[PDB]
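Visitor: just need the structure, nothing else, for what follows:
(chains A and B, ligands or ions: 1)
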Amino acid sequence: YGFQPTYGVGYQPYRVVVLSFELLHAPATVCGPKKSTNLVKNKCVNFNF
Amino acid sequence: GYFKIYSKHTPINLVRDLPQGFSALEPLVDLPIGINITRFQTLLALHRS
Ligand SMILES: *[C@@H]1O[C@H](CO)[C@@H](O)[C@H](O)[C@H]1NC(C)=O
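Guide: Residues are numbered from 1 along each chain as shown, chains lettered A, B, ... in the order given. Shown next is the protein structure:
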């Protein structure tokens, strides 16, 4: 490749990253964080500890 | 798909055979890895000198 700053749009270098997800029957280990809230007491509430 | 290791340590005074007593074993570690384990060995700390 002959990438140069003088090159126009479509000719300049572009960094590309492709993410793919694999689901082998092994236990899943990678994904986003679980949100959390505050703790309340002495009130009938529903919870997901 | 989970490798569980449980462990326990005890003070002993008898020499030859296993002591006659009861003591539960606590969980030590869990590993989320999938292998079809069928055989194993043991390692020794030989004094290479
Ligand atoms: C264990 O054996 C099953 C049955 O053939 C196979 O699907 C799996 O890939 C094997 N796992 C390993 C780690 O060899």
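
Visitor: what about residue B:28, is that helix, strand or coil?
Guide: Assigned with DSSP: H, G, I helix; E, B strand; the rest coil, residue B:28 falls in the strand class.

Visitor: an error on my part: the question was meant for residue A:18.
Guide: Three-state assignment for residue A:18 (three-state DSSP): coil.

Visitor: burial check on it, number of neighbours?
Guide: The local packing of residue A:18 (other Cβ atoms under 10 Å in any protein chain shown) involves 4 other residues. Every C-beta, even on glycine, is put in place using the N, C-alpha and C of the backbone.

Visitor: equivalent analysis for residue B:39, please.
Guide: Residue B:39 has 4 neighbouring residues, counting by other Cβ under 10 Å.

Visitor: for residue B:27, same thing?
Guide: Using other Cβ under 10 Å, residue B:27 has 9 neighbouring residues.

Visitor: excluding chain neighbours, what is closest to it?
Guide: Among residues not flanking residue B:27 along the chain, residue B:6 sits closest, at 5.3 Å (Cβ to Cβ, 6 or more residues apart in numbering or on different chains).

Visitor: look up phi and psi at that neighbour.
Guide: Backbone torsions of residue B:6, given as degrees, to the nearest 10, read phi -120, psi 150.
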